[PDB]
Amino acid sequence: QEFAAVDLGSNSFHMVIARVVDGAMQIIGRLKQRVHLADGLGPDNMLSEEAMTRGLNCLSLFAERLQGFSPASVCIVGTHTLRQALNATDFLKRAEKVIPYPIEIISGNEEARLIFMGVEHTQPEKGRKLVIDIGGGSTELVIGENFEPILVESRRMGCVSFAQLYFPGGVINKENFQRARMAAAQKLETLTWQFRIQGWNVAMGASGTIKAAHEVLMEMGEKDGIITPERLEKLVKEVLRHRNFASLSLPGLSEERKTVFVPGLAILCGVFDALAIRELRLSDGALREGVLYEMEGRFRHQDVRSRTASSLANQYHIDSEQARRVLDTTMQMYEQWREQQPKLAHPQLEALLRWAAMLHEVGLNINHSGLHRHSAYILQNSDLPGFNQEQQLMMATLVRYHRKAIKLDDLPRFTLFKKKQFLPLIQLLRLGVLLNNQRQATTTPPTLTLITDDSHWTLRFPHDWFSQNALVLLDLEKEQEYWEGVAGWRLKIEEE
């Protein structure tokens, strides 16, 4: 089978096609289209119509090229430009009409991890590594070893945004360059000590700027194209004997690359200044390759998100047995709800529901009062390896609404998930948590039957059950009240 990773970048949209052959993975096709989506990002962080049109037109072409690919065989990621864009969801809703695969925006830190995995997968040598990626919009810096990140950082600096800030009108001079160079180092001052102390056997660079630096050095007689401080000084002096981005006649520089090379190079010097890098080698794997290997992993049921959840539970020292009893109650009802609406019950949302139940009390060391809000704050704002933005927000949202009054209009507006899919998950978690209010004093009902008709639910308990569990009935009657304020929800409680 073939599968595809699409990457919606600042300057280009890329597609990579691979297959797994003899247990080994093989790159089979690469294509890109220059979309220049970042060029359309306004000072109010709105993507212009014309940038959106360019993106949408390209996706229209990619959809045709991907005909016959099942959605499981395709992953589309958005990065900096789509994280910054205040109208990102509008772009994504429009894209739903031209391409039948969801666009998953990912955080800078998750982007950084995937770049690091791309580098790890395409290099035979092991050891501790620094990985640098200067892109159009952001820069990623990872120290890691043997497929395990140790330090992961992302900064809002890139070739495109720096062109606009430090080189207006494309004007090149040593004052414009030095300001860009210092600014890049300025952005790194809070991480420099931590990174330099960690160390690395070798530094690997990825993507456009570093590839351009490497090509130019090779056209300067530096056969290996390895970036060092001295050779970087030779690059800067050369670019300084030019005057504008338009007249930037460098050997090994394409016309497209000429437009952002200078601010990219200045960021690269900033990195070298701040981190005191001796030697930077070009990697032939980055984000796209990271995504491909992440997709193969999940085909073989290897999902880092499980580890992310366990680590988070341990970090906050939650009561794992309370988490377990809530999970068990919630899942017993989930199974009944699923049997009655199987085409609403997708395994991706189910996972999020399980982690929600597992993590619903992470905020307990903040406060037991308002716990549902504190846990949601932690979950919404933490760095969670393996999650995309929407999954992370959705899990946070399930936790946010597991107690107190429920206001449907306050819900985020997901593009990956439909209300008809996730609203019952809020209902199940709420009931699951409620039933376990007494914690280790809880009496678990021997039987519990859930009958759904849309969002009209009835829960059937054993005969005379409530005669000896009067507080649970009070709790259920409070929840009935809460559902009376939710359009379409009704809860009926019965005994067998």
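Numbers follow the displayed sequence, beginning with 1.
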{"property": "Residue stretch of maximal mean CA temperature factor, 392 to 400 vs 119 to 127", "result": "119 to 127"}
{"property": "Segment of higher mean CA temperature factor, 180 to 188 or 133 to 141", "result": "180 to 188"}
{"property": "Per the PDB entry, maximal CA B factor within 75, 236, 357, 212", "result": "236"}
{"property": "Candidate set 287, 150, 248, 351 [ranked by C-alpha B-factor, highest]", "result": "248"}
{"property": "Residue 93 by Cα B-factor - lowest, middle or highest third of the modelled chain", "result": "middle"}
{"property": "Third of the chain, ranked by Cα B-factor, where residue 16 sits", "result": "middle"}
{"property": "Where the record places residue 410 (Cα B-factor, split into thirds across the chain)", "result": "highest"}
{"property": "Third assignment of residue 383 from its chain's C-alpha B-factors", "result": "lowest"}
{"property": "Third assignment of residue 294 from its chain's C-alpha B-factors", "result": "middle"}
